[PDB]
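**Student:** Protein chains in written order, with the numbering used here: chain A, 8 to 167; chain B, 7 to 429; chain C, 5 to 320; chain D, 89 to 374; chain E, 3 to 239.
For each residue, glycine too, the CB sits at the ideal point set by N, CA and C.
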Amino acid sequence: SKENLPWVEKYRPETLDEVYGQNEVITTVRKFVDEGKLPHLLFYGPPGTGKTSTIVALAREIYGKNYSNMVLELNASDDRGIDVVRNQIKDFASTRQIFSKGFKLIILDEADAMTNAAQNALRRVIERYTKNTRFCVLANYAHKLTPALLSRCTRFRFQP
Amino acid sequence: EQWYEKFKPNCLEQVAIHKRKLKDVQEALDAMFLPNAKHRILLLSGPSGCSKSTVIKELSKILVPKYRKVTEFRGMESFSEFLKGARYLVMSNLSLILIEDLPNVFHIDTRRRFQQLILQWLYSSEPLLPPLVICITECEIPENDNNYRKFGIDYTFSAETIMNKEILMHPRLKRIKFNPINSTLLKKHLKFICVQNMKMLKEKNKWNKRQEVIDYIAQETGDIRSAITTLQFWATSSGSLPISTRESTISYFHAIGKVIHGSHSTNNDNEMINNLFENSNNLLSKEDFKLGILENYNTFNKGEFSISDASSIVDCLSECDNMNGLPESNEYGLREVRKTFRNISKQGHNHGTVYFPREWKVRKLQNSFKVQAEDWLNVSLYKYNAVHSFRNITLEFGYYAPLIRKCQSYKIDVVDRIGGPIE
Amino acid sequence: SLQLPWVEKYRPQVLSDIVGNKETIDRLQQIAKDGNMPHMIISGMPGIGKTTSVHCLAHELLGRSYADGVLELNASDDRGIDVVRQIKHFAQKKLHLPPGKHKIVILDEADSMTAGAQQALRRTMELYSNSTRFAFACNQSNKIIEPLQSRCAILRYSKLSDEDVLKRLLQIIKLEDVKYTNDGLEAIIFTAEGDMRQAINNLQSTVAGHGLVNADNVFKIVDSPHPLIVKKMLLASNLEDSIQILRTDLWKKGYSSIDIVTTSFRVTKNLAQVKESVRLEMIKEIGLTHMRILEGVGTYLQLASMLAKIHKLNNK
Amino acid sequence: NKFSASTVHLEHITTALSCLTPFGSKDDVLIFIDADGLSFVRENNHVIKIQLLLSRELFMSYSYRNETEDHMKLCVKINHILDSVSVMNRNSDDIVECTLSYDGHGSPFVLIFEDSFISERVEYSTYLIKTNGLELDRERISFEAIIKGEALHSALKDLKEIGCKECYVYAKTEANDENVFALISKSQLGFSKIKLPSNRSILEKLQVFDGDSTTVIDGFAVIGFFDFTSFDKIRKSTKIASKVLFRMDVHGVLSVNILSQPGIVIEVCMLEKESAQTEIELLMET
Amino acid sequence: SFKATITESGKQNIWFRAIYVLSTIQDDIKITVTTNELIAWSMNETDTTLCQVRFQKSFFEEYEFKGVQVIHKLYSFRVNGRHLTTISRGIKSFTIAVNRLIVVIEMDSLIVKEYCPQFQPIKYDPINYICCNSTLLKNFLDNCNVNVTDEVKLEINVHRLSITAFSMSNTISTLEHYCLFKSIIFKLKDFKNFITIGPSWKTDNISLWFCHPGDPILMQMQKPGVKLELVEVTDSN
DNA sequence: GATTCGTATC
DNA sequence: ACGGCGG
Ligand SMILES: Nc1ncnc2c1ncn2[C@@H]1O[C@H](COP(=O)(O)OP(=O)(O)OP(O)(O)=S)[C@@H](O)[C@H]1O
Ligand SMILES: Nc1ncnc2c1ncn2[C@@H]1O[C@H](COP(=O)(O)OP(=O)(O)OP(O)(O)=S)[C@@H](O)[C@H]1O
Ligand SMILES: Nc1ncnc2c1ncn2[C@@H]1O[C@H](COP(=O)(O)OP(=O)(O)OP(O)(O)=S)[C@@H](O)[C@H]1O
Ligand SMILES: [Mg+2]
Ligand SMILES: [Mg+2]
Ligand SMILES: [Mg+2]
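Pasting the structure below:
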């Protein structure tokens, strides 16, 4: 089951307790979760620092058993062109969250590989449906993201 | 309504156009209203807001009710149906047809259809046709959303790229290029507007300080419409709101001249270069610009500068050519060229004239050489069971093989140097 | 799960609550009252109020007809030539507006539109100028074709100063009764770098994390702009200090080498008090390092070599 | 074989597959195998879900010899199945006996077509499983309408022809037998309305509740703002529907129940947009 | 002010086909309004064709009448052809009335559909004889594709009448009222549409009035309560 | 932007 | 059953 997995995947943190090294960002996001308001987050740092683990554990302490109906995770393995942003993300954001755990979450892992047109179109999806959804952006290289996208996202730096 | 719509000219004398250009347009138009007029089309090209269509409207409000309205198009084959019914406007329907509305030319298919339909118009066998006029506004097309097409009409929206050479060269097509409105006309008209609004400008207390802005605007833009819009915005304002007018794009040779000689507006090299990259990165990011720099850096002092400077310039260009298409490469090359030409520049230099690179001619000649070599190869393969690599054709056979195949003929095969002789 | 973020919770609803661009905002209020708003193009940098001012203008102008009067289109919506051929029915619509009022077509992010769409927008702006007006909002005005800029009045929004950022932060703080100190707010403004949205986000994060907005708490969760650390590294006298910055404040902090190289390129472009020959030599060295990084060698030794070459070309 | 089902009425499974096409045409399909019947589940963008069910009574043989687990789940692509059955239906006029089969986890989904002379056998590769959270609360229904299939299909076709970028639904029953049910569309034409009749042959039953499915009140209407992209996904299913049941709760979930004539049962769950309300009320009071 | 209702099958069909032809002539179909008739008509980009269809008050079950231009009062308005051609696309009662047009549809299944298309007030803008049968021209014209053939030649002779869509051609023996008291060339994309309006209200003669090559040609058809008119220009020289 | 020719005007 | 609704 979980005994035939590589140690890099077998020891993936499941709660924010098990994420070590990054203390300030973890404390801040825990307080954000408890206070009930979560801004549009942007996680930046070297590879293998615990960004995906942190956001996934946060979205498991924010939703629970509905972590599969409230979180939409898109990454580089999926097409994220202009049509994808205009249709899939827009329809996920416009729809209602069945009231479950307040706002819905959208995790954009490896956003540095996204085209500039998609990032530019995502600007008016981030700030229009912010009342229903919160976007999280994970990236290793900040130079590939438009400055407008960086403006509307709260930057948390994952140190080595 | 808006000053550029309320103070529109009612006669030609209120039109902001040069006298000579006006004469050329008038004589051409009148000649196009003749039963059998050599010229069938009148392609007016130029920057935006140069009275390209204002003058045409005024002129067709005089010429039309003399040999007989402007019937403007409204932009796949819809333009075909429009032009299929734009030919019946014959005598008693003579109505100068103006095509300021360009059927979408950013789409390959309808661009080709536009070109091939205007060609059919040019080669029409009908004995009587209406005066056809097309207005094209030359405006650099900004950098798209990663568009990898990077085709011709994805850099500049110009007549050359919308039409094909044949169209623009057809004997029956007359082209009259238009120039930005000169500061003389701009001041002359921006003052007429002020003597029509001196009332509000007086109570506003700006009627006194009106010639300052009338001159700054006349020196900042050649666009009459933008000038009037800026004047309206400044006049209706209250405070010291900054006077900002639209921004125009430099030309290819204009950019080359700015890189080589510089600009009088700015004596700062860094600021000028940075602004050129910011506003013009759709040309400074094309290899033809570096080829133009290489071809025209000898037009400084007519080519009477030290050889060390030329060596440094060309060495830097070669070094930046192996930096890939990186942004730093051009910023280094242009900066080095400008530095080199700044240190050597003085007073007393009768600079030369710049020219476009001849690389396209070399590529066409290379294609011709390839076409020549292929025939030789297949002839040999069918007549001598001989396979020869193109490298050996370009280094040995191209010269020896025709000499032998011609001299043996001297006593189907090639008798001339493959691809023409070396000069 | 009921609170909205302070960026959206405190978005201005009236033109009087938009800090900065004093003259431009006053002009906008005058247009709101007088009417007859011209075609406008609003440029500037992120976080200055180019959309919070166009929406406020449309509100205060149309008013009760803000539902049948403001056709908002942005990058998130399809804006091809076909859409521009939604923008024609809206213009042809007749609505009984108060005298001097016109319908507004807010095309947010007009810099991302296709050129065919703009070439058709010219037709719409020419045939229906007497009933509807267009308000383009963009970040770079050159991305709008010159024929469209010809018909519009260009209004350029400058960077927000420290005073207009401090005033809005004080308003938000008094509304949110958070605790602060002068140094903390100064640090928030310093890290904002003329961005109101980033300043609000940083203040919200500092309040949530700790509660007291002082220098230490702000700087332990918000980092000083790295362009400024790149500039400090590139202007060092001797190579010891430059490499020291490169390591401590850029490598051990988690910044990627490619990010450092790109930031160094921009810093060199905008650097002052350096000769043109020195600047172009540094540009060449940075370009070579960028080439090496893109080819796969993303190592700290390459950046150290680049700094060594920069110092070598500085000292001679 | 842990599961085996045989049938000759292949038109039923063909209609099941053509009723699964609207929910995207190249993606993954979930098939749930249980003793009661055979069910296909599809989900799109986490906003809409379809669930067709082929009962045991539709097959002469339905073994389900699996004993370790009560239900079996497998994920297979739909493009493969569509592209196969498309060329298999070339000679559909022959007496074909379809045979479904599944041997458990790690084994392919078999689909044998025997014509008594040729026995075509296809093994569909099964993929890992990424679909119930999108279900309305049964104790919170705000309105329950039973509508005839043909009328709803005609209304959906009309809305398609009008474009219908956005759609609205109304459910008001006034003091008398004033059952009002309408499908308003935000289209190019403007604000278009399709009102279902109050007669009992088209609208058999309309009942509006106060979010508890027990207390019936009159004079209040429940408004549903739905994206017509998702709302058109039920058109292909209503084409073969005898009666259609509409149910929506206060959480903004519309559950379309389609029954065919025994035939096939289709359940579609649709999410409501964030959100014009006063315009809706003023247009229908007019 | 206006309220008109259509409550028959073929009448709805003729209304639909006329509306579609007007929509395919111009994007915005133009309808003027008279106390005794309903006038619908269109225009061309190059001002070449003029198709007008008039519906008398006897064509509607009720024709109550209570922008405005006097000449008798007259309301003229513009509405999108493509939008209103889908509204008129079984129907029991088709009611049209009037700043957005009002049209009511009541299906035989008691389904009532409401539409509110926007309309724009505007101002009204108002030899030899041939009486050939419509169907003989219909079969030939339906066999002509607009893309491949654009012009039609009308050569009228006392012996016979031959029409050539150019060079596919057909001949009709001399016709009922070929009063000469010639050669005419005009378009085709609208002629087929006009000749196919009429044969929609099944319950069929077209009139060609032309004078000179430079003069327009008039087409007229007759219906119990519908009037059909088409004017097209011909090559001058 | 540079050169050369050609005006128009003070 | 036949007409209409790749560059
Ligand atoms: N702080 C941490 N505590 C414990 N394990 C960690 C931590 N950070 C990373 N890991 C382990 O490293 C693995 C990879 O880290 P991830 O968080 O999944 O990826 P990442 O850190 O976001 O790097 P990138 O940018 O995605 S390549 C995890 O599955 C964990 O097993
Ligand atoms: N004195 C003047 N002379 C000429 N045009 C004037 C004058 N005063 C106002 N105008 C207006 O300025 C505008 C100039 O438009 P044009 O130059 O004719 O169009 P254009 O050249 O195609 O510009 P673009 O490229 O389409 S934006 C028109 O609307 C004129 O009515
Ligand atoms: N002048 C201003 N005064 C006060 N708050 C402002 C101002 N400008 C922006 N904001 C804040 O910034 C957020 C709204 O951002 P916008 O003004 O829409 O940014 P923007 O100028 O449109 O930049 P882009 O083009 O969207 S990246 C809200 O949190 C506002 O409170
Ligand atoms: Mg990751
Ligand atoms: Mg013009
Ligand atoms: Mg904005």
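How many angstroms separate the CA atom of residue 202 (chain B) from the CA atom of residue 30 (chain C)?
**Tutor:** To locate residue 202 (chain B), count along the second sequence from 1; it is residue 196. To locate residue 30 (chain C), count along the third sequence from 1; it is residue 26. Straight-line Cα distance between these residues: approximately 26 Å.
**Student:** Can the beta-carbon of residue 217 (chain C) be found less than 7 Å from the beta-carbon of residue 193 (chain C)?
**Tutor:** Within the third sequence, residue 217 (chain C) is the residue found at index 213, counting from 1. Within the third sequence, residue 193 (chain C) is the residue found at index 189, counting from 1. No.
**Student:** Output, in sequence order along the chain, the residues in the stretch 122-149 of chain A whose CB is closer than 8 Å to any CB in chain C.
**Tutor:** 124, 127, 128, 129, 130, 131, 132, 134, 135, 137, 138, 147, 148 and 149
**Student:** My output table needs one value for residue 357 (chain D): the three-state DSSP class, helix, strand or coil.
**Tutor:** Position 269 of the fourth sequence, counted from the first residue, corresponds to residue 357 (chain D). If DSSP states are grouped into helix, strand and coil, residue 357 (chain D) belongs with the strands.
**Student:** For residue 96 (chain C), which residues in chain E fall below 7 Å Cβ to Cβ?
**Tutor:** Locating residue 96 (chain C) in the third sequence gives position 92, where the first residue counts as 1. Going along chain E in sequence order, the residues near residue 96 (chain C) (Cβ under 7 Å) are 122.
**Student:** Assign residue 18 (chain C) to one of three DSSP states: helix, strand, or coil.
**Tutor:** Here residue 18 (chain C) refers to the residue found at position 14 of the third sequence. It is coil, neither helix nor strand.
**Student:** Are the CB atoms of residue 241 (chain D) and residue 326 (chain D) nearer to each other than 7 Å?
**Tutor:** Locating residue 241 (chain D) in the fourth sequence gives position 153, counting from the first residue. Locating residue 326 (chain D) in the fourth sequence gives position 238, counting from the first residue. Taking 7 Å as the cut-off, the beta carbon of residue 241 (chain D) is found closer than this to the beta carbon of residue 326 (chain D).
**Student:** Mind listing, in chain order, the continuous alpha helix (DSSP H) runs of no fewer than 4 residues lying wholly within the stretch 247-326 of chain B?
**Tutor:** The qualifying runs are 258-266, 275-285 and 293-302.
**Student:** Does residue 205 (chain B) come out as helix, strand or coil in the three-state DSSP assignment?
**Tutor:** Mapped onto the second sequence, residue 205 (chain B) falls at position 199. In the structure shown, residue 205 (chain B) adopts helical secondary structure according to DSSP, grouped into three states.
**Student:** Could you name the residues whose beta carbon sits closer than 7 Å to any heavy atom belonging to ligand 5, keeping them in chain order?
**Tutor:** Those residues whose C-beta sits under 7 Å from the nearest heavy atom of ligand 5 are, from N- to C-terminal order along the chain, B:58, B:59, B:60, B:106 and B:141.
**Student:** Pull up the distance between the alpha-carbon of residue 335 (chain B) and that of residue 135 (chain C), whole angstroms please.
**Tutor:** Here the question's residue 335 (chain B) lines up with position 329 in the second sequence. Here the question's residue 135 (chain C) lines up with position 131 in the third sequence. Each residue's CA atom was taken as its position, placing residue 335 (chain B) and residue 135 (chain C) some 49 Å apart.
**Student:** Using 7 Å as the limit for Cβ to Cβ distance, is residue 21 (chain E) near chain D?
**Tutor:** Here residue 21 (chain E) corresponds to residue number 19 of the fifth sequence, with the count starting at 1. Answer no: the Cβ-Cβ gap between residue 21 (chain E) and chain D never drops below 7 Å.
**Student:** For residue 41 (chain E), collect the residues of the same chain with a Cβ closer than 6 Å to its Cβ; drop the 5 residues on either side in sequence, then sort them by chain order.
**Tutor:** If you number the fifth sequence from 1, residue 41 (chain E) lands on position 39. Here residue 41 (chain E) has 34 and 56 as same chain residues with Cβ atoms under 6 Å from its own Cβ, once five neighbours each way along the sequence are excluded.
**Student:** Compare the C-beta of residue 166 (chain A) against all C-beta atoms of chain D and say whether one is closer than 7 Å.
**Tutor:** As a position in the first sequence, residue 166 (chain A) is number 159, starting the count at 1. It does not: the Cβ of residue 166 (chain A) has no partner Cβ on chain D nearer than 7 Å.
**Student:** Is it buried or exposed for residue 60 (chain B), if we count other Cβ within 10 angstroms and need 16 for buried?
**Tutor:** Residue 60 (chain B) sits at position 54 when you count from the first residue of the second sequence. The residue is buried, with at least 16 neighbouring Cβ atoms inside 10 Å.
**Student:** Classify residue 140 (chain B) as buried or exposed, calling it buried when 16 or more other Cβ atoms lie within 10 Å of its own Cβ.
**Tutor:** Taking the first residue of the second sequence as 1, we reach residue 140 (chain B) at position 134. Buried: at least 16 other Cβ atoms inside 10 Å.
**Student:** Under 8 Å, with one C-beta from each stretch per pair, do the stretch 252-267 of chain B and the stretch 307-324 of chain B reach the 3-pair mark?
**Tutor:** Remark: fewer than three beta-carbon pairs, one from each stretch, lie closer than 8 Å, so the stretch 252-267 of chain B and the stretch 307-324 of chain B are not flagged as touching.
**Student:** For a test of the three-state rule: what should DSSP assign to residue 194 (chain E), helix, strand or coil?
**Tutor:** For the purposes of this step, residue 194 (chain E) is taken as the residue at position 192 of the fifth sequence. Correct three-state label for residue 194 (chain E): helix.
**Student:** At the level of alpha carbons, what is the spacing between residue 10 (chain A) and residue 60 (chain A)?
**Tutor:** Counting from one through the first sequence, the residue named residue 10 (chain A) turns up at place 3. Counting from one through the first sequence, the residue named residue 60 (chain A) turns up at place 53. Rounded to whole angstroms, residue 10 (chain A) to residue 60 (chain A) spans 19 Å at the Cα level.
**Student:** Contact between the stretch 59-69 of chain E and the stretch 6-25 of chain E is defined here as three or more beta-carbon pairs at a separation below 8 Å; is this criterion met?
**Tutor:** Under the three-pair Cβ rule at 8 Å, the stretch 59-69 of chain E counts as touching the stretch 6-25 of chain E.
**Student:** Got a sec: is the Cβ-Cβ distance from residue 151 (chain C) to anything in chain B below 7 Å?
**Tutor:** Working through the third sequence from its first residue, we reach residue 151 (chain C) at position 147. For residue 151 (chain C), the answer is yes, since a Cβ of chain B falls inside 7 Å of its Cβ.
**Student:** If contacts are defined as beta-carbon pairs under 8 Å, then residue 96 (chain B) and residue 239 (chain E) qualify, I think. What distance do you get, rounded to the angstrom?
**Tutor:** For the purposes of this step, residue 96 (chain B) is taken as residue 90 along the second sequence, with counting starting at 1. For the purposes of this step, residue 239 (chain E) is taken as residue 237 along the fifth sequence, with counting starting at 1. Contact flag correct, Cβ pair sits at about 6 Å.
**Student:** Any heavy atom of ligand 6 closer than 6 Å to the beta-carbon of residue 236 (chain B)?
**Tutor:** Numbered from 1 along the second sequence, position 230 holds the residue referred to as residue 236 (chain B). Not so, every heavy atom of ligand 6 lies at least 6 Å from the Cβ.
**Student:** Against chain C, with Cβ distances strictly below 7 Å, would residue 327 (chain B) count as a contact?
**Tutor:** Along the second sequence, one-based indexing puts residue 327 (chain B) at 321. Not closer than 7 Å to any Cβ of chain C, the Cβ of residue 327 (chain B) fails to qualify, so no.
**Student:** What is the residue span of the beta strand (DSSP E) that residue 211 (chain E) lies within?
**Tutor:** Sequence index remark: in the fifth sequence, residue 211 (chain E) carries index 209 (1-based). Residues 208-212.
**Student:** By DSSP, does residue 182 (chain D) sit in helix, in strand, or in coil?
**Tutor:** As a position in the fourth sequence, residue 182 (chain D) is number 94, starting the count at 1. Coil at residue 182 (chain D), not helix or strand.
**Student:** So residue 84 (chain E) packs on residue 25 (chain E), CB below 8 Å; how close in whole Å?
**Tutor:** Numbered from its first residue, the fifth sequence carries residue 84 (chain E) at position 82. Numbered from its first residue, the fifth sequence carries residue 25 (chain E) at position 23. Right, the Cβ-Cβ distance comes to about 6 Å (below 8 Å), so this counts as a contact.
**Student:** Could you check where the beta strand (DSSP E) with residue 314 (chain D) kicks off and where it finishes?
**Tutor:** One-based indexing of the fourth sequence puts residue 314 (chain D) at position 226. Going by DSSP, residue 314 (chain D) is part of the beta strand (DSSP E) stretching over 309-315.
**Student:** Between which residues of its own chain and residue 19 (chain A) is the CB-CB distance below 7 Å, once the five residues before and five after are set aside?
**Tutor:** The count along the first sequence starts at 1 and reaches residue 19 (chain A) at position 12. So the qualifying residues of the chain are 60.
**Student:** Enumerate in chain order the residues of its own chain whose CB-to-CB distance from residue 282 (chain D) is below 8 Å, with the five nearest sequence positions on each side excluded.
**Tutor:** Here residue 282 (chain D) corresponds to residue number 194 of the fourth sequence, with the count starting at 1. 243, 246, 247, 270, 271, 272 and 273.
**Student:** Would you please verify whether the beta carbon of residue 56 (chain A) is less than 7 Å from any beta carbon of chain D?
**Tutor:** Reading the first sequence from its first residue, position 49 is the one you call residue 56 (chain A). Taking Cβ atoms only, chain D never reaches closer than 7 Å to residue 56 (chain A), which makes this a no.
**Student:** What residues from chain C crowd round residue 285 (chain B), counting only those whose CB sits closer than 9 Å?
**Tutor:** The sequence position of residue 285 (chain B) within the second sequence is 279, counting from 1. Within chain C, the residues near residue 285 (chain B) are 146.
**Student:** Got a sec: does ligand 3 put a non-hydrogen atom nearer than 6 Å to the Cβ of residue 128 (chain A)?
**Tutor:** The sequence position of residue 128 (chain A) within the first sequence is 121, counting from 1. Answer for residue 128 (chain A): no, Cβ out of range of ligand 3.
**Student:** Would you say residue 305 (chain B) and residue 368 (chain B) are within 7 Å of each other, going by their C-beta atoms?
**Tutor:** For the purposes of this step, residue 305 (chain B) is taken as the residue at position 299 of the second sequence. For the purposes of this step, residue 368 (chain B) is taken as the residue at position 362 of the second sequence. The answer is no: Cβ separation not under 7 Å.
**Student:** Just the C-alpha distance for residue 10 (chain C) and residue 275 (chain B), rounded to the nearest angstrom, thanks.
**Tutor:** Residue 10 (chain C) sits at position 6 when you count from the first residue of the third sequence. Residue 275 (chain B) sits at position 269 when you count from the first residue of the second sequence. About 44 Å.
**Student:** Identify whether residue 90 (chain A) lies in helix, strand or coil by the three-state DSSP scheme.
**Tutor:** Locating residue 90 (chain A) in the first sequence gives position 83, where the first residue counts as 1. In the structure shown, residue 90 (chain A) sits in a helix (DSSP, three-state: H, G or I).
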